[PDB]
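Working notes, structure below.
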RNA sequence: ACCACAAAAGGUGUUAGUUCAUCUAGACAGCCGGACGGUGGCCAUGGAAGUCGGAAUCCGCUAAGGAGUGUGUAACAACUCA
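Chains as they are written, first to last, in this note's numbering: chain A, 28 to 95; chain B, 29 to 178; chain C, 92 to 212; chain D, 817 to 1007; chain E, 10 to 82; chain F, 1315 to 1366.
Set out below in structure tokens:
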């Protein structure tokens, strides 16, 4: 018998979190969070997929479980 | 032989001893006249540390520095009739308020004679303690005789 | 004038570090004014007791790394209600004055510092 | 100001084990078990080790940080109730009419019966909640002792036993009588 | 600032209270007045101060302001 | 016969309080705020009068 | 929008901002301990020691302690506050 506080296993926004862009001209492409601006905007660039470096609101983008 | 210690107080010549010394095997009416042999100079209000050894009244006199500053002042009054305050301002005693105040058991945590001579020389609120000035503003100018008492 | 009093504290602590060499950090806890008064009266010859804010002592030690860095080993021992005793007598007589005198029913010595090292005394 | 996260740390002693699923909390210790439903408050429990659990509010306002702090206080009261237990000593006040307090069983409900409060003929009754026991004080006059696990049950039973003895239509600072909570201690004698 | 506040209630409207500059019965900002005190241009009359001018006749400007021109600090 | 060991805790629960002006409610002595929304949580207070 | 209403004053309901002071040179808050001595100062003396009442409003040790913030009391003790 121990402390059975279970998981609540999230995926987080952080420097290095890789995201999937789903709204806009980038339209479904992998990008990486470079530097996080605030609670809603981040700065991303996904250069081997083709999306340019840009600030973006976290509505237009969806987090992936991967990191680096 | 036992130890009884009391602190008697202000009285003119023979001026409620009974309630404080009934359990120490001492008198009530003879104890009031036993304090007349100490506070009779010394006609100013002071305290008396009495020490009764369970069979007699042996009262001593406590060294009081404010009463020593009152011992270098004007005593004029008799009893119950001065009609305003029974107070009197008097002579300065610029050197007598520095030897007697530095000899009253050296209290108040002093490390100098200008410390006690200002503690019991600048607390004068009944006397002026100067011929052309007043007290309580001479503590920063009294810097003589500090090495003599220490 | 608060900055002036705290700069005065810096100045006098730098003064009393660079003049004395025997340090007694004392564990004075819940001490009354009746005990401390007969400590101020008794120590008029050799030892200077310095109480005060031990968390003001932290940055005072932090700013004194340029001169005499051997006072670096005191910040873990400023913990608790402690005071300082500045004297030139190394071990015995000051420890006999502080601990043994004025007890009734806390005056101990928890740290002894002599020219760089620590001693249990 | 929408703090980005706030956290509190709950300290867990040796003899207790806690089990938190979604927001249901179960705490097991040497006096028994307690459970509490915290589904209404939106906080996340996170074990950092067997002795320490961090609670957190991510992107929360001001009310929500206050709710995090009171989650910490409630889980701490459950832990201290399952280790030590709570024990309220209440003391009677009467000038002329002696308050008479019995413990009766009425259809298996174990009511506390108050009689002769200020000479009232109304026989006052207070129910006893689950998990609280009631003793009377040895060698101290006019004292009841309620002891149990949770602070809520013990304190609310003590408040029910207090507020059943209010004084109506009189002066409350002249008629001072009632049953007041005097001491709020723990069941263990050392603490 | 808590006495005109106490009178602010016994007026209509929603008027405010600002702290004045310039020795505020006269004009002429507080550092400019402290610079004109050191020159001697500032002659005390009852409850308000007459100021020196550089366009008057010279004779009565000298006899009404003896301390401006001189070697006084 | 109250024997003021019992009366002091009574005055602790009852008498040592503060009183607001516009709403006339019982308030704690260090509290400076009324908790109600019909009076508008006003701040003017007084100490409660003791006996005589 | 016309347009079919709202005010003076408030609110520690919440958010943002200005200025000052302490400002990490451990701040406030809390808990623990102090809260000295001259000094029952001078007095009106049944009794007044901070404390029914009057004026002076000090000094030393200080890390800090008021010729004292209330209570208690024939007067003190004593708790408590800066």
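The beta-carbon is built from N, C-alpha and C at its ideal position, and this holds for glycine as well.
For residue i, which residues of its own chain have a beta-carbon under 6 Å away from its beta-carbon, when the five flanking residues on both sides are left out?
i	result
residue 138 of chain B	144
residue 902 of chain D	967 and 970
residue 142 of chain C	174
residue 138 of chain C	176, 178 and 185
residue 154 of chain B	115
residue 26 of chain E	13
residue 27 of chain B	In this structure chain B extends from 29 to 178, so residue 27 of chain B is not present and cannot be described.
residue 1335 of chain F	1358
Whose Cβ in chain D lies nearer than 8 Å to the Cβ of residue i?
i	result
residue 33 of chain A	836 and 837
residue 1327 of chain F	996
residue 66 of chain A	818, 820 and 875
Interface residues of chain B around residue i at Cβ under 7 Å?
i	result
residue 132 of chain C	137
residue 137 of chain C	Those do not exist, as residue 137 of chain C stays about 13 Å from chain B at its closest Cβ, beyond 7 Å.
Residues of chain F with CB closer than 9 Å to the CB of residue i, please, in chain order.
i	result
residue 909 of chain D	1316, 1320, 1321, 1323 and 1324
For residue i, which residues in the same chain have their Cβ closer than 7 Å to its Cβ, ignoring the five residues on either side in sequence?
i	result
residue 845 of chain D	831, 832, 898 and 899
residue 193 of chain B	The structure shown does not extend to residue 193 of chain B, since chain B is modelled only from 29 through 178, so no value can be given for it.
residue 821 of chain D	872, 873 and 874
residue 197 of chain C	118, 119, 120, 121 and 122
residue 145 of chain C	169 and 173
residue 64 of chain A	70 and 82
residue 1357 of chain F	1346 and 1347
residue 1343 of chain F	1330, 1331 and 1332
Going along chain D in order, which residues have a C-beta closer than 7 Å to the C-beta of residue i?
i	result
residue 29 of chain A	833 and 866
residue 1365 of chain F	989
May I ask you to list the residues that DSSP assigns as paired with residue i?
i	result
residue 906 of chain D	D/960 and D/997
residue 1361 of chain F	F/1332
residue 89 of chain A	A/47
residue 845 of chain D	D/848
residue 135 of chain B	Answer is none; residue 135 of chain B lacks a bridge partner.
residue 1326 of chain F	According to DSSP, residue 1326 of chain F bridges with nothing at all.
residue 56 of chain A	A/48
residue 81 of chain A	A/71
residue 113 of chain C	C/178 and C/205
residue 35 of chain B	B/77
residue 60 of chain E	E/51
residue 929 of chain D	D/918 and D/941
residue 1340 of chain F	F/1333
residue 63 of chain A	A/69
residue 140 of chain C	C/176
residue 1002 of chain D	D/902
residue 94 of chain A	A/44
So, for residue i: in the same chain, excluding its five sequence neighbours on each side, which residues have a beta-carbon less than 8 Å away from its beta-carbon?
i	result
residue 68 of chain B	41
residue 92 of chain B	74, 75 and 132
residue 68 of chain A	82, 83, 84 and 85
residue 209 of chain C	164, 202 and 203
residue 90 of chain B	35, 74, 75, 76 and 77
residue 61 of chain B	42
residue 77 of chain E	48, 49, 50 and 61
residue 17 of chain E	24 and 26
residue 152 of chain C	162, 163, 165, 166 and 169
residue 205 of chain C	112, 113, 114, 181 and 182
What residues of chain A sit near residue i, judged by a beta carbon separation below 7 Å?
i	result
residue 869 of chain D	30 and 32
List, in order along the chain, the chain A residues whose C-beta lies closer than 8 Å to that of residue i?
i	result
residue 828 of chain D	30
(request) Report the residues of the region 985-1002 of chain D with a CB closer than 7 Å to any CB of chain F, ordered along the chain. (result) Those residues of the region 985-1002 of chain D that come within reach of chain F (Cβ to Cβ, closer than 7 Å) are 988, 989, 992, 996 and 998.
(request) Report the residues of the region 837-867 of chain D with a CB closer than 9 Å to any CB of chain A, ordered along the chain. (result) Flagged, chain order: 837, 838, 842, 844, 860, 861, 862, 863, 865, 866 and 867.
(request) Scan the region 44-128 of chain B and note each continuous beta strand (DSSP E) run of 3 residues or more that stays entirely inside, going in chain order. (result) Segments of the beta strand (DSSP E) lying fully in the region 44-128 of chain B: 76-80.
(request) Pick out the complete beta strand (DSSP E) segments inside the region 936-988 of chain D, 3 residues or longer, and give them in chain order. (result) Entirely contained in the region 936-988 of chain D, the beta strand (DSSP E) runs reaching 3 residues are, in chain order, 940-942, 948-952 and 959-964.
(request) Quick one: which unbroken beta strand (DSSP E) runs of 3-plus residues sit fully inside the region 166-209 of chain C? Chain order, please. (result) Annotation note: the region 166-209 of chain C contains the following uninterrupted beta strand (DSSP E) runs of length 3 or greater, listed N- to C-terminal: 174-178 and 202-205.
(message) Give the list of continuous beta strand (DSSP E) stretches no shorter than 3 residues that lie fully inside the region 819-891 of chain D.
(response) Runs of the beta strand (DSSP E) inside the region 819-891 of chain D: 819-827, 833-836, 840-845, 848-853, 860-865 and 868-876.
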